[PDB]
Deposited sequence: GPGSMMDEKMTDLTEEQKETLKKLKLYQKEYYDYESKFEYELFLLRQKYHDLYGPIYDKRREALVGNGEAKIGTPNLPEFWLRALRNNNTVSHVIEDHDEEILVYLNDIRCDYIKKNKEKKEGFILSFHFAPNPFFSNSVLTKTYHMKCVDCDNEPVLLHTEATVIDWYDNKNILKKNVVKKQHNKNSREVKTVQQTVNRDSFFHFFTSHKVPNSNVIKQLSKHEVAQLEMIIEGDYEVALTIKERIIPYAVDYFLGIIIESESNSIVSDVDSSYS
């Protein structure tokens, strides 16, 4: 606004060079996004080969039958995840055959929890979908179809029942938003920390967490 004409030509040049920067930045972001996919694909089969070794499914009525309690125990050896896995959850996570991560067809990712048929719920898969633009927009999770007397999220009977909700890993499968705000924020920062650990540590290094060396 308030410059000499010489200083304006210097700005043209600067505006010019800053445009060229923005182009190269794009070329990089593109190439980087190639590179991430190229390898997301490379990994897939490995994850499947590992699933095949744990499950090998002509049948199953318990989780990862070729190596019982694999996922539970691998989850339990992560510090961040273990915090939220309580002892009453253990007998549900035992039926877990698999954990997977996908991209969706501003982006995001779905975390898939594949379970064997179990007395707790009918869902064969529970997913949690993180929408993003980095910066998180909102989440979707599947509504667990708990069986009668089998909602761990809630207390239980026995002594006229008396009922009172309690913490559980499976409070992970709820949905959120946002336009007081700390309570609201603090739920998002803890939930995302878990999803990230799973997505980038548990899933990649599962057996290493199992073996107990991370």
Open item on the list: If I number the deposited sequence starting at 1, which residue ranges have no C-alpha coordinates at all?
Closed with: 1-10, 116-120, 149-155, 182-193, 214-224, 260-276
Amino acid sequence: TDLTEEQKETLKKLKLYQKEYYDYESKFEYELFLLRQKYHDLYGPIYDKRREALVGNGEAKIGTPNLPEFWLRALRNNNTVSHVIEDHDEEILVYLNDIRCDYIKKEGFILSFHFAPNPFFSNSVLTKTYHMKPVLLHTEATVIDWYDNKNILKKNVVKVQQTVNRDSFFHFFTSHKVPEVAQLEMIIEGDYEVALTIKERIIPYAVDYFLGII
From here on, numbers count along this sequence of modelled residues.
Open item on the list: If you average the CA temperature factors as listed in the entry, which stretch comes out higher, 111-119 or 136-144?
Closed with: 136-144
- [ ] Select between 189-197 and 12-20 the stretch whose C-alpha atoms have the higher average B-factor in the entry.
- [x] 12-20
- [ ] Could you tell me which one of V178, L153, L67, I46 shows the highest CA temperature factor in the PDB record?
- [x] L153
- [ ] Quick one: which of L42, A53, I62, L32 shows the highest Cα temperature factor in the PDB entry?
- [x] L32
Task: Modelled-residue ranking by C-alpha temperature factor, third containing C101 - done: middle
